[PDB]
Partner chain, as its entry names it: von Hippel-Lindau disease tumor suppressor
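Encoded as structure tokens, the following chain is the form solved without the partner chain, with no partner shown.
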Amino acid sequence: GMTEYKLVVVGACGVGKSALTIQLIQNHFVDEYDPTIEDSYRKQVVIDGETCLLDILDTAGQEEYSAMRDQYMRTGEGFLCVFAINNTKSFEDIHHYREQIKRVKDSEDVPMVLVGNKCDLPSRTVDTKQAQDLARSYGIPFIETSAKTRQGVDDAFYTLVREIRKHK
């Protein structure tokens, strides 16, 4: 039987968490904004020779529901931390999501990947350099993505699977 990985996508509202997830699952791009309550996805893939089953939880980034996120963070093995490169606020929230993850998991060593999404847009307020420096500080990979063009999507999720594999 194929091994199962439990991924959790986190980040502020509107950054493209669901659009990235839907692009990975369905090869489809959601051009409309359907804010997430909570959705779980299943997908089988072959990564580095190992066939595996990805269980992906797509979460809501609303601040009022922080206490609920704790349960997402207990069960999840790895965390895709998404901000939008035209949204400086969502970039600043990353620090808070990471802190919460670190706390709930009681560990500085939790598989994680920083994702700067919407890299197709001509406007940009978060430089690649800033996000590199932040990821380097945290000790985690950094990938720039565009769910609109499909750029970097597979890399982001598979890199996270690899970080869990390395961690386990």
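Numbering follows the first chain given and starts at 1.
Annotation: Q62 belongs to the positions left without coordinates in at least a third of the other compared entries, with flanking residues modelled.
Per the PDB record, of the two stretches 62-70 and 40-48, 62-70 carries the greater mean B-factor over its C-alpha atoms. Annotation for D106, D55, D133, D120: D106 ranks highest, by Cα B-factor. Residue-level temperature factors show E99 in the highest third of its chain, judged at the C-alpha atom. For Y138, the recorded CA B-factor ranks within the highest third of the chain. Only modelled residues enter the ranking.
Omitted from view is the form deposited with the partner chain bound, to which the following refers.
In the bound PDB entry, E50 stays away from the partner chain, with no heavy atom inside 4.5 Å.
Shown alone here, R136 lies farther than 4.5 Å from the partner chain in the bound PDB entry, counting heavy atoms only. Mapping the unseen interface onto this chain, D127 falls outside it, with no heavy atom inside 4.5 Å of the partner chain in the bound PDB entry.
Interface residue remark: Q132 is not counted as part of the site for the partner chain in the bound PDB entry, having no heavy atom within 4.5 Å.
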